[PDB]
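Reviewing the structure listed below.
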Amino acid sequence: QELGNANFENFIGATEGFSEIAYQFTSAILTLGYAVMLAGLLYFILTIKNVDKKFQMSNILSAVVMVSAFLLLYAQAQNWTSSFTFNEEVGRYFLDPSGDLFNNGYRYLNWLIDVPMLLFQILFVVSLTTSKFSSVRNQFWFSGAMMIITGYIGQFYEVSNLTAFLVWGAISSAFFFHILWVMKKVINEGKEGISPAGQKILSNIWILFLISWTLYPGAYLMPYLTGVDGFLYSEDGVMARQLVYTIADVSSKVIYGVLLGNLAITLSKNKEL
Amino acid sequence: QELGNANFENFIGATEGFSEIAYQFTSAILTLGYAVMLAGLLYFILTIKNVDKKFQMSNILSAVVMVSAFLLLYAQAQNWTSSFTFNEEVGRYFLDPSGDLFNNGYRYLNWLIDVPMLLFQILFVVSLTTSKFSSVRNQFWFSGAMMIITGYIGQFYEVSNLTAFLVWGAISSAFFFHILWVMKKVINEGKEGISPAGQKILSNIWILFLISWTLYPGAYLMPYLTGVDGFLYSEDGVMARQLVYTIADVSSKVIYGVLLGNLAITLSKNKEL
Amino acid sequence: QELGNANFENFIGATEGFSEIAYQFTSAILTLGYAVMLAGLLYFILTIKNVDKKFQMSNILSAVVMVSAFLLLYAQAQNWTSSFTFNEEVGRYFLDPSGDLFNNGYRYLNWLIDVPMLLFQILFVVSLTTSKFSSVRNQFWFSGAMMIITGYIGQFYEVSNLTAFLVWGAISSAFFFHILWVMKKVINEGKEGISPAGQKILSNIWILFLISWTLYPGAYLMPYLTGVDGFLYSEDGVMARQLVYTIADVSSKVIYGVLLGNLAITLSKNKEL
Amino acid sequence: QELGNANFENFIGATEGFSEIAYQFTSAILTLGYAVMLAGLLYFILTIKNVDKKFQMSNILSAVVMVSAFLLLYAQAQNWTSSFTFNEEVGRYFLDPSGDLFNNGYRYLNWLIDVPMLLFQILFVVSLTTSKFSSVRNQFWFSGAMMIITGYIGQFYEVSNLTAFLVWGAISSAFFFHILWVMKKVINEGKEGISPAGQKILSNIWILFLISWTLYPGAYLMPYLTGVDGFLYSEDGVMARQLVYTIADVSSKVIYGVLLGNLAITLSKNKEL
Amino acid sequence: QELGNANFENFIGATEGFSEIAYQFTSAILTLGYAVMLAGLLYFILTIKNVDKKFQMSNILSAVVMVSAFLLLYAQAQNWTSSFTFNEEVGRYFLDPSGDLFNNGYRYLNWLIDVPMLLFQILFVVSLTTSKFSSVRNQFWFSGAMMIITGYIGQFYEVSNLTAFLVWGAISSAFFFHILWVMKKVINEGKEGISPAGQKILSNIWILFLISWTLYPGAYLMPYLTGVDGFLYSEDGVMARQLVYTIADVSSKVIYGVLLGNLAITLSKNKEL
Ligand SMILES: CCCCCCCC/C=C\CCCCCCCC(=O)OC[C@H](O)CO
Ligand SMILES: CCCCCCCC/C=C\CCCCCCCC(=O)OC[C@H](O)CO
Ligand SMILES: *C/C=C(C)/C=C/C=C(C)/C=C/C1=C(C)CCCC1(C)C
Ligand SMILES: *C/C=C(C)/C=C/C=C(C)/C=C/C1=C(C)CCCC1(C)C
Ligand SMILES: *C/C=C(C)/C=C/C=C(C)/C=C/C1=C(C)CCCC1(C)C
Ligand SMILES: *C/C=C(C)/C=C/C=C(C)/C=C/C1=C(C)CCCC1(C)C
Ligand SMILES: *C/C=C(C)/C=C/C=C(C)/C=C/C1=C(C)CCCC1(C)C
Ligand SMILES: CCCCCCCCCCCCCCCCCCCC
Ligand SMILES: CCCCCCCCO[C@@H]1O[C@H](CO)[C@@H](O)[C@H](O)[C@H]1O
Ligand SMILES: CCCCCCCCO[C@@H]1O[C@H](CO)[C@@H](O)[C@H](O)[C@H]1O
Ligand SMILES: CCCCCCCCO[C@@H]1O[C@H](CO)[C@@H](O)[C@H](O)[C@H]1O
Ligand SMILES: CCCCCCCCO[C@@H]1O[C@H](CO)[C@@H](O)[C@H](O)[C@H]1O
Ligand SMILES: CCCCCCCCO[C@@H]1O[C@H](CO)[C@@H](O)[C@H](O)[C@H]1O
Ligand code: NA
Ligand code: NA
Ligand code: NA
Ligand code: NA
Ligand code: NA
């Protein structure tokens, strides 16, 4: 079967197919994904007035990200169930091309909302010291866009051309490291002149940010993290990838948003935790 | 026909099929389910300002659970009608694998929202005495997650491997008992220093919690509660399971939420009930 | 063919089929139904602040019923168009079992929201004199539930077993009469110590309640109201049943809610009609 | 082919089929339709507080009509694309009876919301002089209902029985003329004792009302406005009908609502235009 | 294969078909499109109170455009995936006429909302000096309508009749130039008597407006921008067209709306950036 520049899910699905557990788990984990985002949307809107006016733009940008993540994860949850269909004879779910091939790239282009807005929103909670708002924003948005576009191109070749996959992935990684560098500066400057309570929260936000964002390139490589014909080049790797995405999605978007809201509360004059 | 690690609904549906009453009832009871959750969402939002600011987070977390439960019960209602199709010759609804096998596991992963948030929200209404907020929260969330994940694994084997089904179910039960233990403490400490009216409501909340949460392991075992080849290993057991889920869903989420809101009103300075 | 315990719509649809007028009218009347409920939801939310705080729970419960009625009528509108498909050869719409059989029972289980909440909400507008709030509520909810459950069982046999249909219907009717009895008391006690304007509205509410609620058992019997092989055991009876439901739905839920809102305004200190 | 009492769209679609332009335009014009109504819903809600409390009911009734028109135009937009399917051999869209026949009657029953509420809402902005509120309302609602029901019956026969089509249309027209008569009185009485600004707006509202409402009987007759085998008994007439509906829908509902809101602002003590 | 007056996407799709990258990218870029508009809707509503009352109509009109753009881009995203289906034998997505032909004209009719409202909303932020509000509005709306209708007609012939395509496009362009002329005046007059900060924002708005609006005629011509049998008369041109639309949509609607909101804040007495 000719699949071309398609994600490895389609190759596993076309050859071995997916067990009940693999198929039902991947559907459920994506469903949890979009459910968390819509619940988060409600949470971020309803808690707007829990912080001083100046901090409320962070609640609004969290809500903006929730809308993006909900729409994408909802669409992708339906894409999963449309792309793989039960074969009665063998009792496994095989590629159903009438549904279209499954593509993780769907996520990447919506990151053009998520990444820029997640990086931007912290600049409405913390105060910079030596760095300029417009400068940090421009660095975040440029490197964010380049990271996403290069990775988007790469993931199309994860089976068809491992070399292109790894080269584009490496270029994307360079921009990622730049973002990590700039966010560390923002966290450091953010800690300057705020309560120890606020500083603790920013320490947690940095760890959360570092781990949650690194999970995305982890998901990128997932099928090959056990090498050629490894344990993960299987339905187990398919499950692992969507699980990692969902953990990353909840952590990078919702928990990040909640911690920023808690920081905003400590920095708020009237409010306290 | 090879169904593998699938719920017993698919076996009944593939062999005997479902009568009009069994099929139509299961569809209607799931439809009532998601209708209650969306109505509950509206109720919890519209009554936010009926309690003092400090208590409003409980309304918000109720709303969060309503969103999760609505999305899941809506999706599962469609899953039911897609998985079983009318056979004109015999006049019963049989497994339609083109719709996918039906899986109750869909519910379990969304409990990673419901369970943590339901257990958390009471800590925004009652005041603890001897117990520490962070400690109760961490115990609820850890044991909640472990209870859900172990049960999720178990239910895949409810037909294919009764031993795995019962062992995973037993491990899950251990974590459940821990949750019951911690919640009893929270209720007791919550009663200390509040009006007799508030204490009565917490007594009711404990009974509701105990019964409603115990229904879930009841739903887990449903097909085997009348032993091998029992009355319940049938379309009658299929009906019973979804009925028990719906009673549990309405009770554990909505009625629990309403009682907590009523408690918040008694604890509120301005409000009287 | 073998339809078993199915509503008469499926028998007419399987034997005679439906004319363009019968099929298109039934679809349109259900569409009007769900449109009225969603419009009503908007109305009840937007007019919350038109009455004193104490009366606003009635607006909220109206909104809750609108959500239930919208979801059900929307789902049932789609169920109608899925269950009957055009036959080009004869130019009529015949039963399409791939869509499932059509079941009015879908409505009944959602009444477990509508009936309890419609009966409850008046107790937030009128003041009782001799009767106790908790007692009236408990009688409404018990008899409401029993009325619904017994009728739900009955309607499955409306073709397959006329005896069961009529016996279950009669038992259901007994609980209905109890509800009528209790509501009459509530209306009388509500009239005590309020303006003549408020008393006139409660008189209207009683007439509306009596007629609108009686339409439901009317819909139950519809196919047999012209006896065996009567005018109504036909596509004309199918049209009549859904028309009666829609009139009953609009009257019992929306107009009832509007009149209660108008009563709340007269009873409100600041507000005036 | 046997189509029975069906609209002429189905006859054109079954015999000639629709060109790319005819099919794509009819889909797009209905899509614009429902888009305008949902945008209008947002506008009428967001501008509620731009007028004195007493006038806000008019914003609410505008919103109610937006919900009705959105739901109907959305459903009808999907009905269009389901009822006509591309034939590769000839390159035109032909009747696809599996989707159901297309029926304009779908619109008519939703007018039982639109007509009564559009006629009602002006009575919350203007003050009557010689006429009684309840009397004008009752005349509007009775004649409105009769106009709709008689026309609804008529449109089923627009091909199958031209005589019935014209007779029912004529009866409907009589009730329409009554509505025009009553609305002219309302406008005249509304002009009495208000600013020149308010009087100008009521003059505009009358012209808008007269033209926009007359478009509906225009749409009714559309296929025959160029006589037997005329230019309009074609895909061009199909396009014209839905175009006229969309112009009528936007004019009679949204622009009417906006002008009433502007009138409310001029009549408002605090507010200025 | 006879496609008639259809867009070039259908010809490429019917002859060469689309690679995984071409098909998946076009789906993702449209998905990003509608996601941005729904996120924008939330943003424009939530930031209404960030500007003085007089400026809030601009937030409302932004929201109005978001609803239109969301609905259209969502519908068009589904139209893309319905119109092209995977062929297992060659591994490309080919025209699936059962889904309907793909038409960009769908966008054009919704511009009857977007264009008039985008041009209107600036007149609620800037103050005119020489020019009259009603006059600028009328010129914008007339030329906007004529630009859209002439272009709408043109795009049907982009393959079937290049002459009609170019002539209608040229006529449309004339009206576009008129709009550019009037908007330049509005921006110049808007700069008069406001802070240098506000003037800088209007300079940005003019560049954004000029580039973003010019992208639409760019999308119109896209397939022929590399001449006959050029690089762009291919799946690469199909990708380019939808990419350009999405850049234009985000830029002309959301970024334009955000900049107007920022201008409104600078012009607001209480508020500051
Ligand atoms: C191929 C391997 C790629 C190598 C990895 C590259 C990582 C660093 C990239 C860019 C550094 C700075 C780029 C800045 C982009 C312009 C935004 C900006 O800095 O302007 C702010 C303005 O001055 C208002 O203060
Ligand atoms: C955050 C929670 C995620 C939980 C989800 C679990 C998914 C497991 C993912 C990665 C583990 C694999 C790490 C790779 C270490 C194995 C290295 C190896 O096996 O060798 C490579 C091979 O030999 C060279 O050819
Ligand atoms: C909620 C969305 C978020 C936080 C998105 C984050 C995305 C990344 C950190 C992506 C990084 C990548 C690399 C570093 C290399 C491979 C390609 C990417 C784009 C997955
Ligand atoms: C609204 C969601 C709620 C309250 C979820 C509750 C879930 C449980 C109490 C689950 C318990 C289980 C066991 C104790 C054993 C079998 C497996 C479970 C997970 C069903
Ligand atoms: C909006 C929902 C409402 C008001 C529901 C009302 C339902 C009833 C009054 C049902 C009554 C019935 C009988 C008295 C006999 C036959 C069975 C029932 C349930 C239809
Ligand atoms: C937004 C909905 C509106 C304003 C509906 C208006 C409907 C009419 C004015 C209908 C009139 C008709 C006639 C006068 C004759 C033919 C049948 C009708 C119902 C189309
Ligand atoms: C968000 C919607 C916007 C900004 C729409 C803008 C539309 C145009 C500027 C269209 C211009 C065209 C021409 C100048 C020639 C070809 C036809 C058109 C309509 C695409
Ligand atoms: C308090 C408000 C009172 C409202 C009274 C106004 C009456 C409007 C109700 C309309 C009912 C029309 C019934 C038509 C009967 C069907 C006949 C159709 C002819 C074939
Ligand atoms: C940095 C992590 C990337 C390590 C590269 C591992 C090389 C994977 O090797 C690939 O494995 C596939 C599935 O097992 C095989 O089908 C391919 O033939 C093979 O190229
Ligand atoms: C706590 C309740 C669990 C007790 C275990 C019950 C044993 C059920 O045993 C199983 O029953 C199935 C259906 O009856 C049969 O098809 C299986 O062959 C049998 O293993
Ligand atoms: C109180 C109202 C109940 C009246 C019961 C009427 C009995 C109807 O009798 C039924 O009529 C059907 C329709 O033709 C027939 O098909 C059935 O064979 C017949 O039993
Ligand atoms: C405008 C109100 C009067 C219209 C009456 C016009 C008579 C139309 O006449 C009809 O035209 C159809 C289409 O050409 C034909 O198919 C029918 O045979 C014919 O009866
Ligand atoms: C301003 C830009 C207008 C340039 C129009 C000239 C291009 C028209 O060239 C067209 O190319 C198509 C494929 O490329 C062919 O199928 C057509 O037959 C041919 O007319
Ligand atoms: Na599937
Ligand atoms: Na089904
Ligand atoms: Na149908
Ligand atoms: Na179609
Ligand atoms: Na497709």
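Within every chain, numbering begins at 1; the chains are lettered A, B, ... in the order of the sequence lines, protein sequences first and strands thereafter. Side-chain atoms are counted along with the backbone in the values below, which use heavy atoms only and exclude waters and symmetry mates.
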Just do the side chain to side chain contact (heavy atoms under 4.5 Å, CB included) check on A/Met57 and E/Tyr43 with the steps written out, would you?
-> CA-CA 9 Å; A/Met57 183 55 59; E/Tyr43 174 85; 4.0 Å; yes
Region of E/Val90 that comes under 4.5 Å of a non-hydrogen atom in chain A |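 Looking at E/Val90, just its backbone touches chain A.
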Of the backbone (N, CA, C, O) and the side chain (C-beta and beyond), which part of E/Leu41 lies under 4.5 Å from a heavy atom of chain A, both, or neither?
->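 Nothing of E/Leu41, per the 4.5 Å heavy-atom cut-off to chain A.
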Set of ring pair (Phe, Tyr, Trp, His ring centres under 6.0 Å) partners for A/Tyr224, sequence neighbours left out | A/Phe165, A/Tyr233
Engaged part of A/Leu112 at the chain E interface, taking heavy atoms whose separation is under 4.5 Å = side chain
Heavy-atom contact with chain E under 4.5 Å, split by part of A/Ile153 = neither
Walk me through it: do A/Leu95 and E/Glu88 pass the test side chain to side chain contact (heavy atoms under 4.5 Å, CB included)?
-> CA-CA 10 Å; A/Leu95 180 60; E/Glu88 305 188 54; over 6 Å; no
Is there any residue in residues 67-86 of chain A with a non-hydrogen atom under 4.5 Å from a non-hydrogen atom of chain E, and which ones are they?
->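 At a heavy-atom separation under 4.5 Å, chain E is reached by A/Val67, A/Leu71, A/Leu72, A/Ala75.
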Give me the contact list for residues 2-9 of chain A versus chain E, heavy atoms only, anything under 4.5 Å, ordered by residue number.
-> A/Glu2, A/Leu3, A/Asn5, A/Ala6
Is there side-chain contact between E/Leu32 and A/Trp111, with heavy atoms separated by less than 4.5 Å?
-> no
E/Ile29 and A/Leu109, any side-chain heavy atoms less than 4.5 Å apart = yes
Among residues 19-27 of chain E, which ones touch chain A with a heavy-atom distance under 4.5 Å?
->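 Residues in range: E/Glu20, E/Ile21, E/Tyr23, E/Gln24, E/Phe25, E/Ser27.
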